[PDB]
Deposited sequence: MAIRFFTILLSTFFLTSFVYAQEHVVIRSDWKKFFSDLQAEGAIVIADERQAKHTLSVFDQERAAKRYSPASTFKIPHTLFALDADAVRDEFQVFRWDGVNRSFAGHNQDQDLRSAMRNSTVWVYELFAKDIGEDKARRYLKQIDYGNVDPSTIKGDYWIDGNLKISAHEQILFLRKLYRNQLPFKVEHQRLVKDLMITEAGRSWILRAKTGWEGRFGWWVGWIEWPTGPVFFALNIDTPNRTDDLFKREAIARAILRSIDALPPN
């Protein structure tokens, strides 16, 4: 665990309080870098980062079949639902899964708190840490979650925000109101670089841009994003 006092700079440059864990797996030897080890180990409601395991649950439970399936009531497929902030599709999924399957699903994947007591992933008691996001993400990357490999591939395809010839960025934001996240990874020919940042958002919507901004400055600093 490499304690990154060299990365505080990116946080304070934007007046931000947060933590980040990056796991750089591009060399034969893997490092684990951390800013605020303590906050990194703290557990926070995932919010919309939960869309990643939640889609695996919905797919497993056949709450949704396909990338092609349309939900009406403006029509969402699984890709628009992943990419947007409209809440009803995932709320639908939760109702169709129920608290018990969710419960068991959460223990199966060992997702933080594992406890789903409105929406359980923002308004309930479910909580995960930056380190726990990293461990989960890496399992999904290696296709080792207890889900069909096709569902894992699908979800990983839904998470694409950006790509070039050599690299694929697969990532998800979340915001609880008091704090927000950005998690995901970027793949390079030699391997991935996982990231999971949370920060506090005292200035609310005006702080949201700092999620990706801070993480991106850090990733450019270790050559894990292209120049601009």
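Missing from the model, relative to the deposited sequence, are the stretches 1 to 24, 98 to 108, 153 to 155.
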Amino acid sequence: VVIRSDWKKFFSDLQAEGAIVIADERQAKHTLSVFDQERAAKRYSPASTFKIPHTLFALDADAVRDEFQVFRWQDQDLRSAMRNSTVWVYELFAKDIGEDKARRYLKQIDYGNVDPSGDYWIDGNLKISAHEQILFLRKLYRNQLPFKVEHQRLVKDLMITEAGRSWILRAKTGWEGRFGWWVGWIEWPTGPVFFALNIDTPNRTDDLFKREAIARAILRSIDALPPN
From here on, numbers count along this sequence of modelled residues.
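In this crystal structure, the stretch out of 52 to 60 and 158 to 166 whose C-alpha atoms carry the higher mean B factor is 52 to 60.
On average the C-alpha atoms of 28 to 36 have higher B-factors than those of the other stretch, with 191 to 199 and 28 to 36 being the two compared. Of the candidates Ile109, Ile128, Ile134, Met82, the deposited coordinates give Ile109 the top C-alpha B factor. Among all modelled residues in this chain, the alpha-carbon of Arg153 has a temperature factor (C-alpha) in the lowest third. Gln69 sits in the highest third of its chain by CA B factor, as recorded in the PDB entry.
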